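The structure appears below as structure tokens.
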Protein chains: 10
Amino acid sequence: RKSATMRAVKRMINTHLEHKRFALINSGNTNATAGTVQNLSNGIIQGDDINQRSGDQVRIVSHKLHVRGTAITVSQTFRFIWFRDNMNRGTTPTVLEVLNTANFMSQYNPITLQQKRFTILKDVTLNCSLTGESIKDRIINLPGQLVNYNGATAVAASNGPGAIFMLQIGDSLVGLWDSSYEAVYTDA
Amino acid sequence: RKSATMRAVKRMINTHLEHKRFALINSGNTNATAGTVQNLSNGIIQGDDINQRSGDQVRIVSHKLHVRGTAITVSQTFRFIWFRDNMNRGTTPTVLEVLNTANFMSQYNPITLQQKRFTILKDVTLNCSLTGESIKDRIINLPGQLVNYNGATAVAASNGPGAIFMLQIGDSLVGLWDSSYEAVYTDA
Amino acid sequence: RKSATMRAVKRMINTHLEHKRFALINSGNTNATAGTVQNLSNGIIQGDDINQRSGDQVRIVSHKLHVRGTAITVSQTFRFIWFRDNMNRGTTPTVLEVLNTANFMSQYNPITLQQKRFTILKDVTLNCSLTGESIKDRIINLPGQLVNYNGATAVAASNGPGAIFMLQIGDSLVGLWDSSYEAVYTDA
Amino acid sequence: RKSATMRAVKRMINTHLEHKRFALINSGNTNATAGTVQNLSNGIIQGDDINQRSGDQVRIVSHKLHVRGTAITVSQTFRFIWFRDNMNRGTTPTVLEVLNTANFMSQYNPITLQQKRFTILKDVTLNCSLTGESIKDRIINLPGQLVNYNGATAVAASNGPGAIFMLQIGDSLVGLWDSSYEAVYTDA
Amino acid sequence: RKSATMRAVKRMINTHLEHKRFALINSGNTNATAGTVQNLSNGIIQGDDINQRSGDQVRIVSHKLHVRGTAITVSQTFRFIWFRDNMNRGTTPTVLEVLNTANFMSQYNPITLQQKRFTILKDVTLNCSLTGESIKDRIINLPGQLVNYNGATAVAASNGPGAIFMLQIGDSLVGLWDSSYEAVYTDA
Amino acid sequence: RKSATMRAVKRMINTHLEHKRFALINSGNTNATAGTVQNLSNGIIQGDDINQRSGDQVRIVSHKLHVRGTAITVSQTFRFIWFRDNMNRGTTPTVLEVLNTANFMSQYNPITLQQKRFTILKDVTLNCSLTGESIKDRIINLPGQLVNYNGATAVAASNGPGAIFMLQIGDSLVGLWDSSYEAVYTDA
Amino acid sequence: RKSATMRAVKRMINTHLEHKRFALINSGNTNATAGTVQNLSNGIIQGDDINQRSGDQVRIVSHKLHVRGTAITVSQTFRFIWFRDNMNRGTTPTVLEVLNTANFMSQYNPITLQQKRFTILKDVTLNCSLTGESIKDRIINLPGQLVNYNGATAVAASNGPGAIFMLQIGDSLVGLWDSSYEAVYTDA
Amino acid sequence: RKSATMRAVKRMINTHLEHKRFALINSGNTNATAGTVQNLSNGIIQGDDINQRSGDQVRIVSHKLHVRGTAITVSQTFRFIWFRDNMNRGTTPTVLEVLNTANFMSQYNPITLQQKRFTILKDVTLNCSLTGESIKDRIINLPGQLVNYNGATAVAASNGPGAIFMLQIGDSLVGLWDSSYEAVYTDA
Amino acid sequence: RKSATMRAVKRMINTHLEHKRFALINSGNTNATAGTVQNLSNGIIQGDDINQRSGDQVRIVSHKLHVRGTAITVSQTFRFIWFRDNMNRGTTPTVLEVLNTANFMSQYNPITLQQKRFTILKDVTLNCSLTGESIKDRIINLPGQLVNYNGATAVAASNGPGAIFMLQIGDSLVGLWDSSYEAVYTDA
Amino acid sequence: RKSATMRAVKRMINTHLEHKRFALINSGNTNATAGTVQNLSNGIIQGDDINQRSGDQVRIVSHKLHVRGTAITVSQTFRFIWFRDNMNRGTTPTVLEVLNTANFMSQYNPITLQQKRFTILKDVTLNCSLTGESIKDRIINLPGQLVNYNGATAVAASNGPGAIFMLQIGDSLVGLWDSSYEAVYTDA
Ligand SMILES: [Ca+2]
Ligand SMILES: [Ca+2]
Ligand SMILES: [Ca+2]
Ligand SMILES: [Ca+2]
Ligand SMILES: [Ca+2]
Ligand SMILES: [Ca+2]
Ligand SMILES: [Ca+2]
Ligand SMILES: [Ca+2]
Ligand SMILES: [Ca+2]
Ligand SMILES: [Ca+2]
Ligand SMILES: [Ca+2]
Ligand SMILES: [Ca+2]
């Protein structure tokens, strides 16, 4: 009891809040053996439109990430690591903050996972084969959390605690990857 | 029980939300035998002031419409139909969407009322007589609902589902009508 | 229980307090397209008579307002807005404080109604027709509240929080209106 | 019972609202024998940043005021009166509205405290001695309430009911005082 | 219980008492801007007939008043105030005893209503329009009370406490009014 | 029960009200075979002192009357009738209103006692004998009621319902009487 | 039980009574080795304004006293004794009535404290040092009681039982003291 | 219960305390039209005998007053007012403190009875007639209270709160009165 | 239970006993490095006045001591030790009876505290600084006990068990101290 | 229940863990108007001694900070802000991260407090006066939390989430401050 009225309260609170929505696409990037980190939630900037925000917090209700790779020239691997930076002070995290070494096979950095600097949301490896399935994709939908910002505009210095990112890393420089991303969020 | 704590929760949610307010006036229009449709909620645009909105939703707590006619030259009829367009995709609805024929006596369009494209909020007929009461008016106050928008500014293409409109239609081209309208709404 | 003895206490308190009475009349005013605001409770001044007060508070038990219009030259509209100024700092409020625009059709000012500067007690529209009923009137009786004063005499600077006023506004300069008003009040 | 679930609802409502924050500093002012009134909450203007607001209401969760005086030339007194103007119609209140006379020893104005125009939040007197402690300071943190605004920008005419101010008054023209102030507030 | 047998006793008492009846008509009087007061119950005189009385008391079971006005020359107002004089010492009350000023818009005299010299039974305003409804009427039926007399015959000096009267007052000298009146009363 | 808390409420109400006090003396009047009526409560006039009143009502908590006669020339009778005029419309009542005939032996007027115009509070007859006790006196203390006034000053026209009077009447013109009177009253 | 409804009655009685307010300031007095007694409540005189009274009683709800000393020429002591004179017959009490000897160190007069002629409300000693804190102040707020008056105006002969005073006494003639005082009081 | 053991405690306390006794006689005084006030309890002075006291308090258990008048030359009235001065500061009260005017018929002074400066214990009027009973007397015995003193000896300046007095006043200068008085009192 | 009626008995016993009062002042003494002992209760001598006693016992209900020091020439310390001599046989105790050594820092004498010859009521150290606060004071109020005497007059040989004293000791011969003292006591 | 065995488990866990201890001192620093941030927990480095750590976490059981200022040349203010950096990624935080502006009066940075980058443990302001107390100090002891490290040695890059720091800022460059600090911590 009492815990089940509580989540009827939650439902009621939510019918009262606008569920804003922000969508992004990022097509035709080369695979990277040293890795890159891509912004996801950074693109929600201060303003009055449906895919903007008031102040420096939003709360993601759910968000969805779609990754895709295509082998070019050689069969190859594409890894995508969807993560939340719980402690971001206005940066795009480096590969070496997240992975122990800059290698597509690397396990996580032991120091930064120990202190929970990051939370891994999903870690996806696609092996695209020029003698097999040369194109692969994966869509992942998850509930979200609080996201704090450190500024108004879509620049690194605006990222803050709870920022959402995706790390891409693979074993070739020559294949191509696409991603897209949507967050549904309240902003009250 | 439980249903009465629920609406104490609702009251509590509401003390936490700003009740924004938007007021509009539209004076000195000619009676129309073919009808017109006037925007009511369209005029709430994106911005930060008390009669604006964040994002593409607001929730009307209550709204109030005031209509008035004056017979000129001939005694005549003024009809006013206050309605919600539940499915608006960025237009001002035509007379023929709402009425079966473009005539002040017409019943509702059977197709669009069947599918509940519109909800009639109030349908008011004033008969102004040059040998009698030549001026009549009516004020109607009602609780409101969700209103979605399709854009930022006060243009037809910004109307969306839940948009509030008023259809005026009468039997003379020569009488004059006034209306005004206020919505009280949360915007969280 | 307990709540029903409480209002037997209230009744007992009231048999012990003098119910003072103040009556006012204001005849033969022209209709106003830009509006006027008339004092109602201001006329209760410091003194010892039955229609005066000790100190700077009284409590209105009930009060009654009577409005009347007569069409002259043209059929026309008379609007009367009986309101309490909850925050008066020693003024007669302007039309634009109460109405969004200075027009007899206007809805309320959104800012000042939001913050509850005023409480509308009754809003009455009389349409007097030179081809119909050219004379109309309405009497409204209501329970009252606390009224604070900012001075001793009957001047604007003596109005204070809870002051009672009436706003008149119409669509012609030429018709005539009358009002009268009585407050019954304790003064303990 | 029921009252303890109610304030679990309140807590839940609050985790859903951004707690915006506005900070201000005001250094190096001369002591004033006739007094001044300083704005505190006025500086929260309409906009989308973390220390701005949507619409004309915010709700202060808590706010904190820090006052400091330094005796110059003569030992002297600094009084600071932190107050809420419950009825502000778009002004900075005068000293004489708050104090019976413009004197650092004065009690409150009897008329305006009677009608509850103002609520005193804290009244602090610092005696700084050039033969003793010549520098004194006090920090006071309190829960807050609703604040209404009458406009968009940081000007007197934007103050409205619930505006927060500080009155400074002392017995010398020559000492210096500092203040700073922070409000934490929701804005839903 | 006990309270419901009590009003079966009352019913039984009443089947034992003659319900006497007195009827009166008063046609074709001019409207009066200074007002008049007309006798209603005065006309029940000592004697043995069905519309007379024994002694100086009767008890009105119910009574009924019918008022009517007709506009002549100008559209105009007729006010009729049906009242009981709780303290009559053998007079017809003046207009100024009942109304604060001798004006058809006046509120009640504050002194005499405070001490409950009079009880207003019904206050009726008819606006008769030479461009509209030029003839209006109203009938009002009410339960009655004790009526004391100060003499035997139908003269002012016979009125006493509980005497029933009607005050007529309007805004023209030229319109005509009619009234009639019936009391049903016991006389045991 | 409930009735005993009620009169604890009454006691509490009374500790909150000033018990004002008015004292009067009236010495050396001749006995009157035709009678006189003397004012008692009339002398409480509008003002701010302890033996004055605000408005037109006071409530007598208790009052006390002291009468005294002395036979001169012949042994004789002095009668004193302390009474409340429940219906006073701004007069000093005549002897014949109270007594059936103007004679010290008369019973009460049947008409005015029937309708309860007056309430006799005490009727005292002193027989002073020049061969016996030639001087007699009586003091009577009683709880009081509401007293309404019809004006501000100490004149007949200010008496109103609940006015307190004393009628003196005897069988000689030549004896002398004294009276004095005190009312304790609230005035809230 | 019953005792908790009783103080809900009290609260209800108080919402019905005007809380009048009287404020006073008394600046720049010399320290006194023989002492002075200053009036506090005396200044509430008969009249109709917010800081006046009807009759000869008021009831102080709360009152507040603020004392301040400044050492001049020599470091010195200022004593302030806030007291109620329970038996005042129209005087300002002497120092020797309150203190056993006219010395700033004296204990209370044994005779007058024994019979409870006075009630000490607060006794405050400030030691102001020209080598230290040369300025000191203290504010004290307390609930109040009944205050009787012996006259209408602000003179000694108007003080009566319950009069509020402050005795100042110190060890130098040369330092300066300030006081101010506010009473909140009902007057029903 | 508990309340009945309490007054068994009281009885036990009293068997342990000496009941001291003081007796006084005051013969052959002239009647006074302007009045006198006579001391009763003043005569108990500090010392060790049975009709003396230790310290400045005694508690009267019961006391008894005997008054007597004799008409000389003219039949006349003698009034005796036995009263306690609850607030005496070392005086014999004047006639005008007790009576509104210095007249044997006067009611009490309204100011000093309002504030309860005095409590009347018994008010006795004897009318002695040279043609009737020319000698009259009355004895009155009552329980007593605390009596405070302001000094050691039998002088006015020793009276204090609770002092017992008798006021004599009549209508002739020429008759003679006697009184005597006994107090039984504890002194622990 | 039973223990709470017991202290209702105590209260009842006390309303029956005179609370005598004795006040003393002792100004302008030099600080003492070897210490002095001052008499407090010794000054209550046999006699009949309010600040005297019957016999050789009194019971102190409460007593109050006020100490004050002023630095002269050098900043310095003043210690004051308020104590009861439980076993006094008719002396003023020496410093060395109370303190282990005659030094302002000394702890208590171990022998005499062990056997409970004395009870320390309060031990107060004031450090007065010629560069700081050069004047300090402390007031201490406490309930009291039995005090026995060994004689009638105010001499050392009259002190007895329960005698109250104050020991003063400091570190300079040159500063000045004041004290005063009041005992409230029964004497039955 | 169950919650009280739980904290008996906690106690048992703790008797099994070494409570390591690290102490630090930092003397003779100049006051800073632009502020500095000092490391506290950084100095616990990897190693095997009692004031070192294994791995990159410790858990502070309690820690204690001692701050001290001394005014030089001018009386001045020293502020010390003891805080935890919940999100440190291997830095010493700047003044502007913590304070809104680099001023000793500044409130907190709104962005970084909103996202809870820091938790303020204690904020202490010492006003040292060259005419008063020129030296002040404060010691504060608190329970602690988890501290993560980003490296082995005592350099900025080793700070991590939960790092403890102290910000010093004042209004002069010339005064001197000292601090010292001890953490008690487990390291299992
Ligand atoms: Ca936000
Ligand atoms: Ca929205
Ligand atoms: Ca009032
Ligand atoms: Ca017509
Ligand atoms: Ca807002
Ligand atoms: Ca100093
Ligand atoms: Ca009859
Ligand atoms: Ca009154
Ligand atoms: Ca009063
Ligand atoms: Ca005694
Ligand atoms: Ca004794
Ligand atoms: Ca570790």
Side-chain angles (χ1 to χ4, degrees), chain C residues 14-15 17-29 40 43-44 49-53 60-75 78 80 126-141 175-187, chain E residues 31 33-35 69-83 95-138 167 169-172 174-175:
Chain C
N14 283 284
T15 71
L17 312 172
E18 182 170 333
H19 292 41
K20 289 178 181 179
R21 284 177 93 117
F22 167 83
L24 161 183
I25 198 171
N26 182 13
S27 297
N29 308 88
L40 295 175
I44 297 170
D49 209 354
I50 183 176
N51 61 345
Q52 298 182 324
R53 61 185 156 92
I60 297 172
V61 175
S62 70
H63 50 174
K64 170 154 75 210
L65 173 79
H66 185 178
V67 297
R68 176 187 198 255
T70 303
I72 313 273
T73 309
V74 282
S75 298
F78 296 91
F80 302 90
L126 307 184
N127 302 314
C128 300
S129 176
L130 284 178
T131 53
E133 284 320 282
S134 60
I135 304 174
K136 290 195 179 156
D137 83 289
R138 178 77 49 88
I139 315 172
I140 315 100
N141 183 56
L176 302 161
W177 63 267
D178 307 301
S179 65
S180 70
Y181 171 78
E182 172 145 330
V184 181
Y185 61 98
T186 55
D187 179 27
Chain E
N31 211 349
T33 57
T70 303
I72 313 273
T73 310
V74 282
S75 298
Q76 57 191 270
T77 297
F78 296 91
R79 184 174 176 193
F80 302 90
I81 307 166
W82 191 7
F83 68 95
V95 175
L96 287 164
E97 287 187 77
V98 179
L99 291 178
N100 188 61
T101 55
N103 182 282
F104 77 107
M105 273 299 286
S106 179
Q107 296 287 331
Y108 307 129
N109 178 324
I111 292 170
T112 62
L113 272 287
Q114 179 186 69
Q115 60 201 219
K116 300 155 150 37
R117 188 180 303 184
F118 302 113
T119 302
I120 305 294
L121 307 169
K122 203 69 188 189
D123 196 323
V124 169
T125 291
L126 307 184
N127 302 314
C128 300
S129 176
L130 284 178
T131 53
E133 284 320 282
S134 60
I135 304 174
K136 290 195 179 156
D137 83 288
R138 178 77 49 88
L167 183 158
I169 194 167
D171 71 328
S172 169
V174 150

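Computation of the quantities below employed the complete heavy-atom set of this structure, encompassing side-chain atoms and omitting hydrogens, waters and symmetry-equivalent molecules. Residue numbering restarts at 1 for every chain, and letters A, B, ... go by the order of the sequence lines.
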*Report the distance from atom OG1 of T125(E) to atom CZ of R138(C), rounding to the nearest 0.5 Å.*
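One finds 12.5 Å between OG1 of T125(E) and CZ of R138(C).
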
*Which atom names give the shortest non-hydrogen contact between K64(C) and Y108(E), and what distance separates them?*
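So the two residues come closest at NZ-CE1, 4.0 Å.
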
*Compare every heavy atom of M105(E) with every heavy atom of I25(C), then report the nearest pair and how far apart it is.*
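Looking at all heavy atoms of both residues, the shortest contact is CD1-CB, 3.8 Å.
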
Please flag which part of [X] lies under 4.5 Å from any non-hydrogen atom of chain E: side chain, backbone, both or neither.
X: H66(C); value: both
X: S179(C); value: backbone
X: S134(C); value: both
X: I135(C); value: both

*Look only at the side chain of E133(C) and the backbone of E133(E), and say whether a donor-acceptor pair between them is shorter than 3.5 Å.*
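Judged by distance alone, yes, a pair lies under 3.5 Å.
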
*Is the backbone N or O of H19(C) less than 3.5 Å from a side-chain atom of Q114(E), with the two atoms forming a donor-acceptor pair by type?*
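It does hold such a pair.
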
*May I ask you to name which of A23(C), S129(C), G132(C), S27(C) has the most heavy-atom pairs under 4.5 Å with chain E?*
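Result: the option with the highest number of such pairs is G132(C).
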
Quick check on [X] against chain C: is it the side chain, the backbone, both or neither that has a heavy atom closer than 4.5 Å?
X: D123(E); value: neither
X: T101(E); value: side chain
X: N100(E); value: side chain

*asked:* Taking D137(C) first and then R79(E), would you say they form a salt bridge - that is, a charged N and a carboxylate O separated by under 4.0 Å?
replied: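 The answer is no: the pair does not qualify as a salt bridge.
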
*Hey, does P110(E) have a side-chain heavy atom less than 4.5 Å from the side chain of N51(C)?*
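A side-chain contact under 4.5 Å is absent here.
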
_When you compare the side chains of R68(C) and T77(E), does any donor N or O come within less than 3.5 Å of an acceptor on the partner?_
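Looking only at side-chain atoms, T77(E) and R68(C) do form a donor-acceptor pair, the distance falling under 3.5 Å.
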
*Heavy-atom neighbours of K136(E) NZ exceed 12 at 6.0 Å*: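 Yes.
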
